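Colleague: how would this look folded up:
(one chain, ligands or ions: 1)
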Amino acid sequence: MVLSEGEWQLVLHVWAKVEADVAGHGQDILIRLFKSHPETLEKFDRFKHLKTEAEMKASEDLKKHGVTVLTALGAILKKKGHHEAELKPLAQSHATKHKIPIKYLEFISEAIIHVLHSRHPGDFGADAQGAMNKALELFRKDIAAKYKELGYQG
Ligand code: HEM
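Modeller: Residues are numbered from 1 along each chain as shown. Below is the structure:
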């Protein structure tokens, strides 16, 4: 489903606030993912030793990864749907090396929404959350199509 410019602007105006401190947002989002759906942590050989939220919060390398994740996602969002070039390497690594099912991409989308909702009520009212959800649905739909092309049933 194609987003309107108005919807993209709601997405980008909350992303602008994420970008005040991407590192802290990335910690919150990865931690929320791992707490809400612990099976997702097991996909990270790099991080699955972390036992508690405290350990997660103290991990500089998890923080680093959260910045990488959110910056990659931000670049995708800023393309406003024209994200074919960005999705290719992402889909290929996530299909073939990391083996991340679409269901787990749903889980991180949920975590993103939850953190934005908590942190940014001024820029994440119902319409803005709907726009973000549409953007993440488009991301997951297009990633799923690439997964199929790449041979992964996701
Ligand atoms: C918004 C969705 C996501 C984005 C934008 C994202 C982005 C990235 C980026 C940019 C990398 C580093 C380059 C690469 O290997 O592609 C990465 C690595 C990785 N991703 Fe994701 N990712 C997302 C969701 C997920 C989810 C939900 C999982 C697991 C449940 C996952 C598992 C991994 C793993 C295991 C790595 C390798 C980490 C390491 O050992 O360095 N990703 N991701």
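
Colleague: can you give me the helices in this structure?
Modeller: Using DSSP state H, the helices found in the chain span residues 5-18, 22-36, 53-58, 60-78, 84-92, 102-119, 126-150.

Colleague: what's the angle from the fourth one to helix 22-36?
Modeller: Relative orientation of helix 60-78 with respect to helix 22-36: 100 degrees, computed using axes from the mean of the first three to the mean of the last three CA atoms, to 10 degrees.

Colleague: the closest residue to residue 8 other than its chain neighbours: how many residues sit nearby?
Modeller: The shortest distance from residue 8 to any non-neighbouring residue, by CB to CB, 6 or more residues apart in numbering, is to residue 80 (4.6 Å). Every C-beta, even on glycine, is put in place using the N, C-alpha and C of the backbone. Neighbours of residue 80 under the rule other CB atoms under 10 Å: 17.

Colleague: which ones are touching residue 80?
Modeller: 3, 5, 8 (CB atoms under 8 Å, 6 or more residues apart in numbering).

Colleague: around the ligand, pick out the residues from this structure.
Modeller: Taking CB under 6 Å from any ligand atom as the criterion, the chain approaches the ligand at residues 40, 43-44, 46, 68-69, 72-73, 90, 93-94, 98, 100, 104-105, 108.
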